[PDB]
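**Q** If you scroll down you'll find the structure; I have some questions about it.
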Amino acid sequence: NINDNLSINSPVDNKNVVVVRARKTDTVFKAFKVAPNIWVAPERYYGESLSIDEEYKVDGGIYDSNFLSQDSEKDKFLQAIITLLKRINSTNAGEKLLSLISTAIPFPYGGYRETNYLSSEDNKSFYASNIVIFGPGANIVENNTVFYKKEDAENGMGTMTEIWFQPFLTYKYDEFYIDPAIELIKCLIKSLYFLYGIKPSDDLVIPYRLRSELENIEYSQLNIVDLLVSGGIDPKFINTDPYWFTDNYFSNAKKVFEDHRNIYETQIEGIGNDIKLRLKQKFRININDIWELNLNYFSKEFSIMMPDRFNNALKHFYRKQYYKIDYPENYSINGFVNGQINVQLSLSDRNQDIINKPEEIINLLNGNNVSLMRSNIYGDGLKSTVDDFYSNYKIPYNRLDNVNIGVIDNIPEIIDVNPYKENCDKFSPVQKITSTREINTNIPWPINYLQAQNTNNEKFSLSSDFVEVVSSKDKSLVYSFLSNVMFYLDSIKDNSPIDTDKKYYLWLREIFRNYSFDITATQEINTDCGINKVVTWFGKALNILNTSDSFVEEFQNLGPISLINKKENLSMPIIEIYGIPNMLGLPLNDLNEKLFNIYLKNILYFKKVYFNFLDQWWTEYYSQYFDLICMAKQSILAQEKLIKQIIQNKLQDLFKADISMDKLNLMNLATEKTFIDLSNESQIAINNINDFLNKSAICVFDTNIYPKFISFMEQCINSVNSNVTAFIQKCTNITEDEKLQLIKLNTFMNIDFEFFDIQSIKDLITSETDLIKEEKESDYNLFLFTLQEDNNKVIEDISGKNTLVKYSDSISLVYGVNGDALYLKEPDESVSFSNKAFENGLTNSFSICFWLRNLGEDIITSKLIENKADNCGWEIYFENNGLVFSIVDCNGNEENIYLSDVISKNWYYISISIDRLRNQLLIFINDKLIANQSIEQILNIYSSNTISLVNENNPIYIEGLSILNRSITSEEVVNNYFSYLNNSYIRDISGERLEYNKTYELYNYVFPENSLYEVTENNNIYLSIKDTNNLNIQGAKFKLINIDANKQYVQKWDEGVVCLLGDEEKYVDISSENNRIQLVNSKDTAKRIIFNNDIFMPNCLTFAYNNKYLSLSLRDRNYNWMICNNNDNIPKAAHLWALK
């Protein structure tokens, strides 16, 4: 669909390249059409002067007259747009949106006249057009939408649209960079309002945020169109059910559409299918659908993350740093190269000239009235109103599936038009001045504390006192709250200077451990509201409740409300409950039908009032909590930026000392990998802040806003329930006795209007962006997935970090413990895993676990699994009977640990953990902890990015290989072990699946080394364990049989018989004289037995007959018989058996 291969210098053709004039202005501009009725003009917008006065420059803007003036950049402009537009077409959602845009034409004027046309300079042709994409205007970091004719955009006729765009710049929000493709869609959807002409009047506005920073009460506002289109969480507080916010626009909008529908049904006959047929597609969609379109829909389609809360006032919350984009070097048809978090962008050079205009200055005065510091607070730049909207709003009582891309594609393009007059409305740019207040205080604000943690000097020192930092002259102090880090740095002032890489490693490790303990500190509080995790350092970070010894103690006594500044802001709205029924006829008790419908409505009216309070909580109470979250994040990053400088300074000094060039190279590599660990640890703290304040905000509703809603509604019921009693006395036809019944049946108690769910509010707080984050984060660097298939193997990593796998052919798949295992049957076979995370370094912590089965049956050393390079790293290999785990340091420190249990043809579960915060190493075999060591002396381990799995001569099975980026505990190991074995199969003593029609030997769990053998006492034949002297005797041989031949493996709850090999077939039967088991020579009398096992004894088995287990008996002379037991004097263990 998308036109391409169009570039600057392409000759004018009057078909795809034209020159047209801008409205009635005496200027022209080249144009290119990328799709039917869609155009792109690679120019700066004609309607503004690129140069403006210093007074009129808005906050946070960039101004540059030379941008997009040279043909060099002008050509790149066309390619960037085409890359994004084709990117949108990649998904069906984009096709519907773009297709609907192409087919949407303004209603022709009443012979008929058309508005959709761009006039050629010389008045000799006209080109159909709906959208025009220009370059940025005066401000090159803001996108707009401009309507061709104002009235037509509101009267339902519709009009042409113009869009501005900035494709070459972006900024990062939290972890990710913002995708420009989503920005283009936001401006495209807003165009549909203009073509359908459903633009609301400029007075249709809603409150958006309480400007709590100001001393006087003031509210910001947002247009209804912006709130609907922008998407996020806010619209969920307006678009409730039933609707609680109404205006004439909604009712008026629906009516006008029907009128043009009807007139069209007479217009269907006539000038050309290019128009008559085109209007049919426009009328297929209903206006209600357009009101439903929003960005949240598209983020799901493209899996694009974006800001979600107050995403139209971000200018107030934090400052934006810009980055550059290059097409197609960084951005292609599949979005950002390497994804939205790992894309490697370069800071823009235009960050140095952002216009700053504070909304207010906070001047901090000392005891002598001298300004210690002045901080700046910036406004969101939205419209402000001082009137209380909620107090003056009266809650009323009385009040893209069918796009069919196929049909639109077949519509012939417009060849000729009948131009209409006065399509061009004169454009005048809106220019506004920014005002500024000022304030004086003696108590620092949170913004004052935050500004004290920044600095410009490369040399400084952390201080825990706020007074010294601000009052210092040299500016060699910066405020900090890392108690442990400051304590450590202060305890080594007198030591000799660092001059050895070994001493550098020890210093670097202590800084990292202390920083992680300080930043991730939390405490647990039990509240009426749930369980809460309180961030301990919150008090000192921003000076909230910081006036006492402990922050957590104060928090419990005063509660969540104490954090915010403006405590009481609620206002009762205007209520209009005329509950009195409005008397004709109704002579019977069938009056109940009328009364019941009135009862139902009164419930809804109670709900809409409830939604009004939630919106007030969101706009007036949540807003102030979200502000604390942003400031707390700014604080964490500021402290992180200071630790990097301290580390950088130490390393730069050490580079001047007398250390080998090669050792310096490794120290540089180890430090670089540590910076990644600091960033990860900071990200944990940010997550702790979020949930801590989200639960506080939700909770203030339960204890503060909700009780007020009860009291206000308590009176509004006494006023309406009595009004229903009065009515039913007036009614005469019904009997008196029924009056008492109906009064009791239509009376509201407190229960009827009581709505609150702690869960149902948490669903509102969670956006789609939060779902993407939790659906894409894990602790696995490697998760091997194996799958046999017809003439095909599938071996790959599904961990989401896309490790690379390389394996030699002839690697076969075979069933192992719970799925498919690699079978390295033949010598010199190998498998490789490649990932950057496998280079460990000094600070990383990780874990590895897998299942193992060895068919070597030889006492010879052999390599198994290795990540060593030049005798630095770790490995596992065979020695003697068991395994050995080795880990070697750059300096030559080692740990060689020997594990003794391992022998041939058994299944083992091996799990290894490395913990650097505690300096602890843990090794598990199956269920039990084998080793618990301190690796305090190991320091730096740096090796390849490749892990190699190999054979020498031993055939082996491997299954479930996996690697974690964190240490594990005993509880996790035990759960994993038993959960994996909890499947439907019975197993042998060695861990393999049991089989029908295969020979075995039988052992009892109580006597694990004696096998059963046949004994003849009378003509009958019995079984018992061998005595202590005749142990040399050979055990009997058994087999399992199922009636259904061709069945191979035994599963739980299967029935069968037991057969003994010999010269004559024998089968097991239960004696009657005594409950001993005896052998018979007839398959007819053989007993049917049920097979089963125990969850916590995976490789053992049990036989059951009519719900009685088979077990051993107490000693009888020399024999312990195999019997059908019912006594309680025999141990429960005696009824567990093992095979082979």
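Residue numbers start at 1 in each chain; chains themselves are named A, B, ... in the order of the structure tokens; ligands are numbered from 1 in the order shown.
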With only C-alpha atoms as the counted atoms, please give the residues lying no more than 7 Å from stretch 1100-1107 of chain A, apart from itself and same-chain residues fewer than 4 positions off, as a PyMOL selection string.

**A** chain A and resi 989+1089-1093+1135-1138

**Q** Grab the residues selected above and save them as a PDB file, in the first residue's frame with N, CA and C atoms.

**A**
```pdb
ATOM      1  N   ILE A 989      15.314 -48.606  41.166  1.00  0.00           N
ATOM      2  CA  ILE A 989      16.233 -48.207  42.250  1.00  0.00           C
ATOM      3  C   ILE A 989      17.220 -47.173  41.713  1.00  0.00           C
ATOM      4  N   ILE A1089      -2.739 -57.114  41.193  1.00  0.00           N
ATOM      5  CA  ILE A1089      -2.100 -56.215  42.185  1.00  0.00           C
ATOM      6  C   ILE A1089      -2.006 -54.813  41.598  1.00  0.00           C
ATOM      7  N   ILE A1090      -2.034 -53.820  42.469  1.00  0.00           N
ATOM      8  CA  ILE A1090      -1.959 -52.399  42.057  1.00  0.00           C
ATOM      9  C   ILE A1090      -0.594 -51.834  42.418  1.00  0.00           C
ATOM     10  N   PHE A1091       0.018 -51.132  41.469  1.00  0.00           N
ATOM     11  CA  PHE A1091       1.341 -50.495  41.643  1.00  0.00           C
ATOM     12  C   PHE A1091       1.188 -49.011  41.969  1.00  0.00           C
ATOM     13  N   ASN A1092       2.021 -48.535  42.885  1.00  0.00           N
ATOM     14  CA  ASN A1092       2.018 -47.119  43.315  1.00  0.00           C
ATOM     15  C   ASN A1092       3.316 -46.777  44.045  1.00  0.00           C
ATOM     16  N   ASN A1093       3.503 -45.507  44.335  1.00  0.00           N
ATOM     17  CA  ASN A1093       4.709 -45.046  45.050  1.00  0.00           C
ATOM     18  C   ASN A1093       4.365 -43.884  45.974  1.00  0.00           C
ATOM     19  N   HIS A1135       6.436 -51.713  54.260  1.00  0.00           N
ATOM     20  CA  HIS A1135       5.700 -51.902  53.002  1.00  0.00           C
ATOM     21  C   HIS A1135       6.211 -50.996  51.869  1.00  0.00           C
ATOM     22  N   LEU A1136       7.504 -50.757  51.783  1.00  0.00           N
ATOM     23  CA  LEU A1136       8.134 -50.072  50.635  1.00  0.00           C
ATOM     24  C   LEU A1136       9.173 -50.989  49.998  1.00  0.00           C
ATOM     25  N   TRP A1137       9.076 -51.152  48.678  1.00  0.00           N
ATOM     26  CA  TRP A1137       9.950 -52.080  47.939  1.00  0.00           C
ATOM     27  C   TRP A1137      10.664 -51.362  46.785  1.00  0.00           C
ATOM     28  N   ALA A1138      11.695 -52.015  46.260  1.00  0.00           N
ATOM     29  CA  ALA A1138      12.576 -51.505  45.187  1.00  0.00           C
ATOM     30  C   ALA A1138      12.896 -52.650  44.245  1.00  0.00           C
TER      31      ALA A1138
END
```

**Q** Would you pick out the contacts of residue A:301 at 9 Å or less, using only C-alpha atoms, so that residues sharing its chain but fewer than 6 positions from it are not included, and give the list as a PyMOL selection string?

**A** chain A and resi 91-93

**Q** I need the strand (DSSP E) residues of stretch 1084-1125 of chain A per DSSP on the backbone, written as a PDB file with N, CA and C atoms, in the first residue's frame.

**A**
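File part19.pdb, as written:
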```pdb
ATOM      1  N   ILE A1089      -2.739 -57.114  41.193  1.00  0.00           N
ATOM      2  CA  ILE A1089      -2.100 -56.215  42.185  1.00  0.00           C
ATOM      3  C   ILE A1089      -2.006 -54.813  41.598  1.00  0.00           C
ATOM      4  N   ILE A1090      -2.034 -53.820  42.469  1.00  0.00           N
ATOM      5  CA  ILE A1090      -1.959 -52.399  42.057  1.00  0.00           C
ATOM      6  C   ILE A1090      -0.594 -51.834  42.418  1.00  0.00           C
ATOM      7  N   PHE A1091       0.018 -51.132  41.469  1.00  0.00           N
ATOM      8  CA  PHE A1091       1.341 -50.495  41.643  1.00  0.00           C
ATOM      9  C   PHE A1091       1.188 -49.011  41.969  1.00  0.00           C
ATOM     10  N   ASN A1092       2.021 -48.535  42.885  1.00  0.00           N
ATOM     11  CA  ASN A1092       2.018 -47.119  43.315  1.00  0.00           C
ATOM     12  C   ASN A1092       3.316 -46.777  44.045  1.00  0.00           C
ATOM     13  N   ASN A1093       3.503 -45.507  44.335  1.00  0.00           N
ATOM     14  CA  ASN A1093       4.709 -45.046  45.050  1.00  0.00           C
ATOM     15  C   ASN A1093       4.365 -43.884  45.974  1.00  0.00           C
ATOM     16  N   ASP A1094       5.377 -43.341  46.621  1.00  0.00           N
ATOM     17  CA  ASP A1094       5.215 -42.205  47.552  1.00  0.00           C
ATOM     18  C   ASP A1094       5.923 -40.977  46.981  1.00  0.00           C
ATOM     19  N   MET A1097       9.410 -40.559  48.489  1.00  0.00           N
ATOM     20  CA  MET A1097      10.327 -41.708  48.261  1.00  0.00           C
ATOM     21  C   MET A1097      10.258 -42.054  46.781  1.00  0.00           C
ATOM     22  N   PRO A1098      10.909 -41.253  45.915  1.00  0.00           N
ATOM     23  CA  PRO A1098      10.610 -41.303  44.477  1.00  0.00           C
ATOM     24  C   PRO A1098      10.954 -42.630  43.794  1.00  0.00           C
ATOM     25  N   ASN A1099      11.986 -43.299  44.231  1.00  0.00           N
ATOM     26  CA  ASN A1099      12.481 -44.511  43.532  1.00  0.00           C
ATOM     27  C   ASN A1099      12.035 -45.795  44.234  1.00  0.00           C
ATOM     28  N   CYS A1100      11.114 -45.730  45.183  1.00  0.00           N
ATOM     29  CA  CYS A1100      10.601 -46.931  45.884  1.00  0.00           C
ATOM     30  C   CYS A1100       9.216 -47.254  45.334  1.00  0.00           C
ATOM     31  N   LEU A1101       8.677 -48.391  45.712  1.00  0.00           N
ATOM     32  CA  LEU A1101       7.409 -48.878  45.137  1.00  0.00           C
ATOM     33  C   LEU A1101       6.590 -49.560  46.252  1.00  0.00           C
ATOM     34  N   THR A1102       5.300 -49.719  45.991  1.00  0.00           N
ATOM     35  CA  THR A1102       4.355 -50.455  46.862  1.00  0.00           C
ATOM     36  C   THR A1102       3.392 -51.310  46.047  1.00  0.00           C
ATOM     37  N   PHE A1103       3.059 -52.480  46.559  1.00  0.00           N
ATOM     38  CA  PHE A1103       2.022 -53.383  46.026  1.00  0.00           C
ATOM     39  C   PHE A1103       0.840 -53.400  46.996  1.00  0.00           C
ATOM     40  N   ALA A1104      -0.361 -53.252  46.488  1.00  0.00           N
ATOM     41  CA  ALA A1104      -1.608 -53.226  47.276  1.00  0.00           C
ATOM     42  C   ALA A1104      -2.571 -54.278  46.738  1.00  0.00           C
ATOM     43  N   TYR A1105      -3.229 -54.988  47.644  1.00  0.00           N
ATOM     44  CA  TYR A1105      -4.274 -55.975  47.301  1.00  0.00           C
ATOM     45  C   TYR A1105      -5.516 -55.695  48.138  1.00  0.00           C
ATOM     46  N   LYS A1108      -5.065 -53.520  51.117  1.00  0.00           N
ATOM     47  CA  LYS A1108      -4.090 -54.006  52.117  1.00  0.00           C
ATOM     48  C   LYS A1108      -2.734 -54.043  51.431  1.00  0.00           C
ATOM     49  N   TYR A1109      -1.737 -53.386  51.996  1.00  0.00           N
ATOM     50  CA  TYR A1109      -0.374 -53.403  51.411  1.00  0.00           C
ATOM     51  C   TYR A1109       0.331 -54.719  51.709  1.00  0.00           C
ATOM     52  N   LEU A1110       1.244 -55.100  50.841  1.00  0.00           N
ATOM     53  CA  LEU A1110       2.147 -56.254  51.069  1.00  0.00           C
ATOM     54  C   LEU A1110       3.420 -55.754  51.779  1.00  0.00           C
ATOM     55  N   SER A1111       3.789 -56.420  52.856  1.00  0.00           N
ATOM     56  CA  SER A1111       4.961 -56.046  53.649  1.00  0.00           C
ATOM     57  C   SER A1111       5.702 -57.276  54.147  1.00  0.00           C
ATOM     58  N   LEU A1112       6.843 -57.058  54.788  1.00  0.00           N
ATOM     59  CA  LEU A1112       7.550 -58.152  55.451  1.00  0.00           C
ATOM     60  C   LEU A1112       6.887 -58.434  56.795  1.00  0.00           C
ATOM     61  N   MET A1122       7.021 -62.658  53.137  1.00  0.00           N
ATOM     62  CA  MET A1122       6.276 -61.603  52.431  1.00  0.00           C
ATOM     63  C   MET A1122       4.758 -61.887  52.556  1.00  0.00           C
ATOM     64  N   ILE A1123       4.047 -60.995  53.229  1.00  0.00           N
ATOM     65  CA  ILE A1123       2.658 -61.244  53.696  1.00  0.00           C
ATOM     66  C   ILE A1123       1.683 -60.144  53.324  1.00  0.00           C
ATOM     67  N   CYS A1124       0.390 -60.424  53.448  1.00  0.00           N
ATOM     68  CA  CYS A1124      -0.699 -59.417  53.356  1.00  0.00           C
ATOM     69  C   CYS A1124      -0.993 -58.879  54.744  1.00  0.00           C
TER      70      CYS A1124
END
```

**Q** Quick one: residues within 12 Å of residue A:250, only C-alpha atoms, excluding same-chain residues fewer than 5 positions away - as a ChimeraX atom specification?

**A** /A:198-201,204,224-225,243,245,255-257,287-288,291,399

**Q** Within 7 Å of stretch 599-616 of chain A, counting only C-alpha atoms, which residues show up once you throw out same-chain ones fewer than 4 positions away? Write them as a list in words, please.

**A**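 Using only C-alpha atoms, the neighbours found are residues 237, 242, 244, 397, 595, 620, 746 and 753 of chain A.
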
**Q** What would the file look like if the residues just selected were written as a PDB file, in the first residue's frame with C-alpha atoms?

**A**
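The resulting file, result_0.pdb, is shown below:
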```
ATOM      1  CA  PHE A 237     -11.473   7.262  36.272  1.00  0.00           C
ATOM      2  CA  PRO A 242     -22.455   3.827  34.797  1.00  0.00           C
ATOM      3  CA  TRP A 244     -20.901   9.792  36.331  1.00  0.00           C
ATOM      4  CA  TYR A 397     -30.452  11.600  38.231  1.00  0.00           C
ATOM      5  CA  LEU A 595     -41.757   0.474  42.912  1.00  0.00           C
ATOM      6  CA  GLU A 620      -6.334  15.470  44.718  1.00  0.00           C
ATOM      7  CA  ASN A 746     -38.152  -0.882  49.877  1.00  0.00           C
ATOM      8  CA  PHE A 753     -24.687   1.890  49.158  1.00  0.00           C
TER       9      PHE A 753
END
```

**Q** Excluding same-chain residues fewer than 6 positions from residue A:515, what lies within 10 Å of it counting only C-alpha atoms, as a ChimeraX atom specification?

**A** /A:482-486,639-640,643,678,681-682

**Q** Could you turn the residues from that selection into a file that holds C-alpha atoms, as a JSON list (two decimals), in the first residue's frame?

**A**
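Result went into out_21.json, see below:
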```
[["chain", "number", "residue", "atom", "x", "y", "z"],
["A", 482, "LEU", "CA", 24.41, 6.25, 52.80],
["A", 483, "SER", "CA", 25.32, 5.60, 56.45],
["A", 484, "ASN", "CA", 27.32, 2.37, 55.86],
["A", 485, "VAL", "CA", 29.27, 3.77, 52.86],
["A", 486, "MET", "CA", 30.20, 6.92, 54.82],
["A", 639, "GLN", "CA", 23.38, 8.80, 45.11],
["A", 640, "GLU", "CA", 24.32, 6.25, 42.38],
["A", 643, "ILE", "CA", 29.49, 6.37, 43.97],
["A", 678, "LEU", "CA", 25.34, -1.07, 40.91],
["A", 681, "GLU", "CA", 20.93, -2.99, 42.79],
["A", 682, "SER", "CA", 19.55, 0.57, 42.34]]
```

**Q** I'd like the neighbourhood of residue A:667 as a list in words, where a residue qualifies if any of its atoms comes within 12 Å (using only C-alpha atoms), though same-chain residues fewer than 6 positions away should be ignored.

**A**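 Surrounding residues, per the criterion: residues 500, 501, 502, 503, 504, 505, 506, 508, 647, 648, 650, 651, 652, 654, 655, 659, 660, 661, 673, 674, 841, 842, 890, 939, 940, 941 and 942 of chain A.
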
**Q** Could you tell me, as a ChimeraX atom specification, which residues of stretch 409-615 of chain A DSSP assigns to helix (DSSP H, G or I) when given the backbone?

**A** /A:409,446-451,466-471,483-490,501-519,538-542,551-558,560-562,591-615

**Q** Record the distance separating atom CA of residue A:357 and atom CA of residue A:59, expressed in Å with one decimal.

**A** 5.2 Å

**Q** Under the rule that only C-alpha atoms are counted, which of A:938, A:722, A:136, A:898 is the nearest residue to residue A:872?

**A**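 With only C-alpha atoms as the atom set, the closest residue is A:938.
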
**Q** Any chance you could tabulate, as JSON lines, the residues of stretch 570-641 of chain A at most 10 Å from stretch 315-324 of chain A with each one's nearest atom pair and distance in Å to one decimal, using only C-alpha atoms, in chain and rising number order?

**A**
```
{"residue": "A:626", "atom": "CA", "partner": "A:317", "partner_atom": "CA", "distance": 9.0}
{"residue": "A:627", "atom": "CA", "partner": "A:317", "partner_atom": "CA", "distance": 6.8}
{"residue": "A:628", "atom": "CA", "partner": "A:317", "partner_atom": "CA", "distance": 9.6}
{"residue": "A:629", "atom": "CA", "partner": "A:317", "partner_atom": "CA", "distance": 9.7}
{"residue": "A:630", "atom": "CA", "partner": "A:317", "partner_atom": "CA", "distance": 6.6}
{"residue": "A:631", "atom": "CA", "partner": "A:317", "partner_atom": "CA", "distance": 8.0}
{"residue": "A:634", "atom": "CA", "partner": "A:318", "partner_atom": "CA", "distance": 8.3}
```
